[PDB]
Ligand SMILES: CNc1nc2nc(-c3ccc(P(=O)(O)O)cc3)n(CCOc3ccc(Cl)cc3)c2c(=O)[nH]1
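In the form solved without the named molecule, a lone chain appears below as structure tokens.
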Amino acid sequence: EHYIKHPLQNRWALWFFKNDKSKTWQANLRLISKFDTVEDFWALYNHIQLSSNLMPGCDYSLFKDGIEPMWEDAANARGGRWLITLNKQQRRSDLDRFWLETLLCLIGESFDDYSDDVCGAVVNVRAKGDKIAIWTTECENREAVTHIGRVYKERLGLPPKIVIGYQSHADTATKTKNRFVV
């Protein structure tokens, strides 16, 4: 009413990663918080560093509850990602606003019939250039993948002179070909 929190469609988990000389997948990856309302999202978002302020080598990731933040997870293994690559100028002009928009696309279920194909999203802060990506569950679901790509591109406001690519997780792990481009 004037007192119930506004539930999200899904419960989400926000993860932090930092590369090191440590265990990596235990040591370096840690769960910040799980949330399932709008109010709890914003309280968490407002409490943490902007991606632009993270040390190179660090990631944030947001995944649906039940999906581990790793491509080998059952929901990710046959999947892939729409990839946004950012140079150093874009770290200042685009990184934080694109990432918030990405978060909002996820928790707002912005992909119509195909929101269920979304697994999560990741921002990589790197010296050689930042990356944001939306992970989806199945590379062969052409309708779902294409629709998510199109909507995401338009929510980021990217003009036609730029294309973004989708790559299979397995393909990228081998060394990368785009399965789709929009």
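Residue positions are given as counts along the sequence shown, with the first one as 1.
Visitor: According to the entry, are there none, 1 to 3, 4 to 9, or 10 or more residues of the deposited sequence without coordinates between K175 and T176?
Guide: Per the record, 4 to 9 deposited residues are absent between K175 and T176.
Visitor: Is the mean CA B factor in the deposited entry higher across 161-169 or across 12-20?
Guide: Looking at the record's C-alpha B-factors, the answer is 12-20.
Visitor: Mean Cα B factor from the PDB record: higher for 87-95, or higher for 70-78?
Guide: Of 70-78 and 87-95, the stretch with the higher C-alpha B-factor average is 87-95.
Visitor: Using the entry's values, work out which of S61, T37, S33, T137 has the largest Cα B factor.
Guide: The listed residue with the largest C-alpha B-factor is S33.
Visitor: Among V123, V118, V145, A27, where is the Cα temperature factor highest, going by the PDB entry?
Guide: Of the candidates given, the C-alpha B-factor peaks at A27.
Visitor: Split into thirds by Cα B-factor across the chain's modelled residues, where does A133 land: lowest, middle or highest?
Guide: Ranked within chain, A133 CA B lands in the lowest tercile.
In what follows, reference is made to the form deposited with the named molecule bound, a form of this protein that is not presented.
Visitor: Give a yes or no on whether each residue among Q90, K153 and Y166 has a heavy atom within 4.5 Å of the named molecule in the deposited complex.
Guide: Not a single residue of the candidate spot has a heavy atom within 4.5 Å of the named molecule in the deposited complex.
Visitor: Which single stretch, out of 140-148, 64-72, 110-118, 153-161, brings residue heavy atoms within 4.5 Å of the named molecule in the deposited complex?
Guide: That would be 64-72.
Visitor: Should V122 be classed as touching the named molecule in the deposited complex when contacts are defined as heavy atoms within 4.5 Å?
Guide: Yes, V122 lies within 4.5 Å of the named molecule in the deposited complex.
Visitor: Within a 4.5 Å heavy atom cut-off, is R126 in contact with the named molecule in the deposited complex?
Guide: Taking the distances in the deposited complex, the answer for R126 is yes, it comes within 4.5 Å of the named molecule.
Visitor: Taking any heavy atom pair closer than or equal to 4.5 Å as contact, tell me whether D59 reaches the named molecule in the deposited complex.
Guide: Within the cut-off, so yes.
Visitor: Taking the named molecule in the deposited complex, which residues along 22-41 bring a heavy atom to within 4.5 Å of it?
Guide: Going through 22-41 in order - heavy atoms within 4.5 Å of the named molecule in the deposited complex - the hits are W25, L29.
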